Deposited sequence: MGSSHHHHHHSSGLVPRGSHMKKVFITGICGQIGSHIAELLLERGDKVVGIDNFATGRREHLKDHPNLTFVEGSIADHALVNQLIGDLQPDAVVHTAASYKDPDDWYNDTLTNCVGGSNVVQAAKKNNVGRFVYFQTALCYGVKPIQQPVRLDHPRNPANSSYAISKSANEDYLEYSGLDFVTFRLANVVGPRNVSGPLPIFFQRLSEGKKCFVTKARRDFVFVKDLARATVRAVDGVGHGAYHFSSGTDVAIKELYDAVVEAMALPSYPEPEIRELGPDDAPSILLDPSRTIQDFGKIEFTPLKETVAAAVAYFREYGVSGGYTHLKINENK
């Protein structure tokens, strides 16, 4: 049967990709986005899609939309982050908007809630390697992590049946971060710093299809959505130059560290979501780069 799904931040990387999967299998999708960072083009028209331009900080709007629709699931991807000095929109969107969305879902007995969270909730340098789901919380390292983490608090407090995907880095088409930086600089002929660190990168499309399973009732609570492996920043850079189809090899500026590696332990995710086949790094980066070429 046709599910009803409310998606916040539906014109963003993660939300638009989820929206596409749901719409293609016949679900009814209602979405909200204010275009802080998302783009209208990310979300193609579909007869079962309703799009509302607005902010999740708008309490009456969020309640009206969820109240009317009575969704089977809320997928909450909306987040403010782009300017680290903009504490105002970070709190207004992630705290006021985030609790608005959580409480509306709880008020309307929404059966499933999917949230997305930064691994910065554990601090910038974890005390566990790999980081386990019981790593102490240390979110006061940025406006983004602090506010994102207060939104998670409200979700855990609400009593909703939820799934939170805690993520290192999500990359692909529609994506900020190292990928667009690398692409942008190499396009301008600029030399890139490549630090001697390993980090975890996850294709948005792997995450989108694990979300559909969460919408369908797979999983409860917080998970590390990770392969359990990490990649060197050099390997990421190399993948970007490879997809860019350069007459080059431009040797980067190797830069010493100033954590060396952040592995997220995926044991609970393997347990409940099964052994997932994660898209290979080159293919993930190829898709991200084809998107940059076409848009920016």
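Numbering the deposited sequence from 1, one finds several regions with no C-alpha coordinates, namely 1 to 19, 195, 279 to 281, 320 to 333.
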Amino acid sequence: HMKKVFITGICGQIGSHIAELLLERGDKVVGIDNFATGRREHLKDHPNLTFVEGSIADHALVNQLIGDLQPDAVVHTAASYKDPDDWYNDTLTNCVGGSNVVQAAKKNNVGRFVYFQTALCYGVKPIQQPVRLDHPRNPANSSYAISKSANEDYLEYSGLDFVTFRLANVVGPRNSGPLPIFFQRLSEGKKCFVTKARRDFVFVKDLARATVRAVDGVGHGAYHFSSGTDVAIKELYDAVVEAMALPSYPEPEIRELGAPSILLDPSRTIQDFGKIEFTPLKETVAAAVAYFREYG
From here on, numbers count along this sequence of modelled residues.
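In this entry, 270 to 278 has the higher mean Cα B-factor, the comparison being between 270 to 278 and 6 to 14. Across the two stretches, 244 to 252 and 49 to 57, the PDB entry reports the greater mean Cα temperature factor for 244 to 252.
Of the residues listed, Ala36, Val62, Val30, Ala232, the entry assigns the biggest Cα temperature factor to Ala232. Per the PDB record, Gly177 has a higher Cα B-factor than any other of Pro139, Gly177, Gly219, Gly159. The PDB entry assigns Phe116 a C-alpha temperature factor belonging to the lowest third of its chain's modelled residues.
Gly97 sits in the lowest third of its chain by CA B factor, as recorded in the PDB entry. In this PDB entry, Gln184 carries a Cα temperature factor that places it within the highest third of its chain's modelled residues. In the PDB entry, a CA B factor belonging to the lowest third of its chain's modelled residues is recorded for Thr77.
Ranked by Cα temperature factor within the chain, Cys192 sits in the highest third according to the deposited record.
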